[PDB]
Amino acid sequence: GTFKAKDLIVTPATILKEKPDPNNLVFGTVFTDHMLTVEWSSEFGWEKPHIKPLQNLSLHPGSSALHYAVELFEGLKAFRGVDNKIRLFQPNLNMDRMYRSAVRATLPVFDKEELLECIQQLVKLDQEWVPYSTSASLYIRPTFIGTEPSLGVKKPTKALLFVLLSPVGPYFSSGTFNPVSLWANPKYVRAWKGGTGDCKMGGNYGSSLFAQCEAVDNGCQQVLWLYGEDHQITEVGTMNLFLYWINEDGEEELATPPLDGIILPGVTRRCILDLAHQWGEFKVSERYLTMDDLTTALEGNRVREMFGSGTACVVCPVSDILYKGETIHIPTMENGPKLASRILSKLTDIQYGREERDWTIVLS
């Protein structure tokens, strides 16, 4: 079986909370009035979906989510356009990616069309939480947990699928660009060949916290995740990594690591490669990039810009990488940053409906 949006039971909150200051926002700390919940059991399958007041979950302390990280999540955004139509951005890709993660977690499958419809009804009810700001958005957090009251390492026979909404302001409180410093220690690895690094499964992030703490203790805002003997640069924290440079053949190139199973195939990532290919003003390469490739390129003044991209931060310029004690300067902000800005402009124009696109859907 599968749950249907048609069967939605709606319990509106009787008291509505004060909306947050659209600038004065700590990320994922403010929650809207309503949540979606759908119960699943092996015995009866999917219960009817519920839109109800944000509340605590009552979970058996043996729930597999708390013991064996039988859990996954998504992140997508709703944007209030210049025309004051609320839009989702490639939401079908987030549904697709969430379904694949469920199968790989052995959580029960669901109808992707129906979840997306339930998400729209939730956003619609809470639409005034979609900020009145051209640099803020509503974060949508679909979450899926095993609630199997059993310590047996097994496919769960009980689960909960729920969706939270959280209004998130501009990544940096100037709303322009505040370049990130990166901590690069090969001692830690986010993901590996034959792992789950290409899925948003909770286990990928729990092992990262110690590295992020270590980043903050050496001044940096994010981890540069290194992989393999040659120290490949994979991901800028929770974001895909782009390098804009003169390559080894002396060519202008936008370069990003390939989707080889250790990389999260970000929606932003694919969009930026599409844009880059469409413009055809420089070479676009899904290729391996090492710290040696980077420092060799830096000594030749061949590096122009480095930036992260994810739902978190559409474009996040990198200014510095801490590596083997020394601080390595990336001249991103000294070069405009021309490409980073052109990309942020185009994605933002699309997200906020300043131009039409296949990538956006107007809210039901």
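Residues carry their position along the shown sequence, with the first being 1. Basically, rigid core = biggest C-alpha set you can superpose within 1.5 Å across the two forms.
Asker: Kindly name the stretch, out of 285-293 and 165-173, whose CA atoms are displaced more from this form in 7 other deposited structures of this protein after the core superposition?
Answerer: Higher root mean square deviation of C-alphas in 7 other deposited structures of this protein is shown by 165-173.
Asker: Line up the rigid core: which moves more in 7 other deposited structures of this protein, 59-67 or 23-31, by C-alpha RMS?
Answerer: Stretch with the higher C-alpha RMS distance in 7 other deposited structures of this protein: 23-31.
Asker: Which wins on mean Cα temperature factor, 91-99 or 184-192?
Answerer: On average, C-alpha B-factors are higher across 184-192.
Asker: On average, which has the higher Cα B-factor in the deposited entry, 136-144 or 205-213?
Answerer: Mean C-alpha B-factor is greater for 205-213.
Asker: Kindly indicate the residue among 82, 275, 159, 224 with the greatest C-alpha B-factor in the PDB record.
Answerer: Max CA B-factor in the entry, restricted to 82, 275, 159, 224: 82.
Asker: For residue 33, return the chain-relative third of its C-alpha B-factor as stated in the PDB record: lowest, middle or highest.
Answerer: Within its chain, residue 33 is a lowest-third residue by C-alpha B-factor, going by the deposited values.
Asker: Rank-wise, by C-alpha B-factor, drop residue 307 into the lowest, middle or highest third of its chain.
Answerer: It belongs to the lowest third of the chain when residues are ordered by C-alpha B-factor.
Asker: Place residue 64 in the lowest, middle or highest third of its chain's C-alpha B-factors, as listed in the PDB entry.
Answerer: According to the entry, residue 64 has a C-alpha B-factor in the chain's lowest third.
Asker: Classify residue 324 as lowest, middle or highest third according to the C-alpha B-factor given in the PDB entry, relative to its own chain.
Answerer: Its C-alpha B-factor belongs to the highest third of this chain's values.
Asker: Using the temperature factors of the C-alpha atoms in this entry, rank residue 298 within its chain: lowest, middle or highest third.
Answerer: According to the entry, residue 298 has a C-alpha B-factor in the chain's highest third.
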